[PDB]
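Remarks on the structure that follows.
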Amino acid sequence: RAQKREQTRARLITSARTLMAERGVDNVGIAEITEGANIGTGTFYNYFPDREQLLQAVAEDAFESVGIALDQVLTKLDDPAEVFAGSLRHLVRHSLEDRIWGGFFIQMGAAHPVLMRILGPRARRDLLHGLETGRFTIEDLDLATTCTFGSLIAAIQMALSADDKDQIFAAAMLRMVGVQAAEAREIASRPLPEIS
Amino acid sequence: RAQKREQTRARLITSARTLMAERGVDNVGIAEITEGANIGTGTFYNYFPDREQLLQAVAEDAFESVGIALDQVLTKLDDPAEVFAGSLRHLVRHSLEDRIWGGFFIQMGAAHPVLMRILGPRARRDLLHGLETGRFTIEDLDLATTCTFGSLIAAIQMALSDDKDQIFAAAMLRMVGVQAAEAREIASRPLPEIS
Ligand SMILES: Oc1cccc(O)c1
Ligand SMILES: Oc1cccc(O)c1
């Protein structure tokens with residue numbers, strides 16, 4: 001049935017996440033994942049065409065969780081520049097602390113597309129907000145959104161293979177959207193609201 | 001000696017580029033490539049472990065050619081901002097007009113590392129100069145250069161799906177501390193022909 005497939009995909013996603021969180025997205029095979037979901041190994045490809053799709057579902061789950069948490073806290077700040085900066089700083093910190101996250105930004109070339117499906121609409125919103133209040137200067141909204149995540153990935157990959165890294169990165173993104181060079185740094189250094 | 005091994009590698013690179021420039025990166029296999037280099041299909045793996053390494057070498061060849069060209073023109077301008085902007089615009093224009101380039105950005109996950117090792121040092125140089133001059137405001141030179149290419153890739157991928165090069169360059173200027181208002185002006189000045 002289609003209902004059986006529905007819950008199995010869900011169980012596989014849960015299995016993959018639990019295992020990768022412990023050992024790394026790169027150190028878990030589908031045999032172990034199918035075991036965790038309680039199904040025959042040779043039956044995996046009955047729910048996912050390949051490994052990548054499953055990886056993407058796990059990444060969506062991770063990014064969406066933070067996205068929702070960010071929408072709960074951050075947006076409650078008045079300065080659009082702080083909302084955007086704070087959001088970015090949380091992503092960077094999560095990347096340097098979550099085993100599974102670091103794995104997404106390195107061993108996954110589809111990180112960008114996933115980030116765009118889940119956090120893109122949120123970032124665009126935050127940027128549009130800053131544009132409407134004259135806080136930001138942006139010529140193309142979609143470009144700023146996609147470049148932000150392209151930069152995030154590169155930024156996290158560098159940091160991972162190496163401290164206010166999050167602050168420095170956020171400042172650069174603030175400057176990219178039209179914030180005075182000196183002001184940007186200050187805004188990216190404001191106390192960061194707890195995300196947990 | 002293994003000197004022939006080196007010659008073959010070079011011939012394979014030449015073959016892949018010629019073929020991919022006419023048919024597109026994704027429509028050319030080991031079969032066609034080895035044929036252009038005049039060797040058997042199977043012997044391919046005696047020169048490259050995978051098709052991916054050859055693809056990277058072809059991209060290196062294309063990025064280096066433009067890098068060298070830029071080093072002999074753009075760098076002659078007096079405004080560091082315009083040197084950086086113009087260089088980025090050439091990269092965007094090539095990406096949208098050259099069949100082979102489009103393929104590197106939407107058919108190769110190693111785009112960033114290849115760009116970073118060939119153009120990275122060049123962009124970093126131009127950014128440092130602009131930092132010396134006080135034209136830019138950058139806290140971490142490596143971060144700025146790796147972010148520029150991260151952005152370039154994303155920007156090109158989007159475009160590939162009227163003056164997009166100017167807009168991209170302006171945003172990068174803004175990212176490095178250039179006044180939002182004067183950024184678009186600099187990014188719209190006549191572009192010096194690279195070749
Ligand atoms: O959820 C997000 C992610 C990145 C930037 C932002 O403003 C919001
Ligand atoms: O060769 C390059 C490529 C991109 C930016 C730059 O300043 C130089």
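Atoms within a ligand are numbered from 1 in the order they appear, just like the ligands themselves. Values reported hereafter were calculated over all heavy atoms of this structure, with side chains retained and with hydrogens, waters and symmetry mates removed. Proteins get letters first, then strands, A, B, ... in listed order; numbering begins at 1 in each.
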Item to complete: Can you tell me which residue pairs pass the side chain to side chain donor-acceptor pair (under 3.5 Å) test with a partner in residues 82-92 of chain B, sequence neighbours excluded?
Response: B:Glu82-B:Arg189, B:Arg89-B:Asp165

Worksheet item: Which residues satisfy the salt bridge (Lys or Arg N to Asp or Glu O under 4.0 Å) test with B:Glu182, sequence neighbours excluded?
Response: B:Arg135

Worksheet item: So, does B:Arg122 use its side chain to make a donor-acceptor pair with the main chain of B:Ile118 at under 3.5 Å?
Response: yes

Worksheet item: Are side-chain N/O atoms of A:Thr75 and A:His129 paired as donor and acceptor at under 3.5 Å?
Response: no

Item to complete: Answer with yes or no whether the side chains of A:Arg175 and A:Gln180 bring together a donor and an acceptor at under 3.5 Å.
Response: no

Starting from the N and O atoms of ligand 2, collect every protein N/O partner closer than 3.5 Å and put each pair on its own line with the distance to 0.1 Å.
residue: ligand 2; atom: 7 (O); partner: B:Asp126; partner atom: OD2; Å: 2.6

Per-pair distances, 0.1 Å, donor-acceptor, side chain in residues 4-11 of chain B, under 3.5 Å, sequence neighbours excluded:
residue: B:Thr8; atom: OG1; partner: B:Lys4; partner atom: O; Å: 2.9
residue: B:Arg9; atom: NE; partner: B:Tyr47; partner atom: O; Å: 3.3

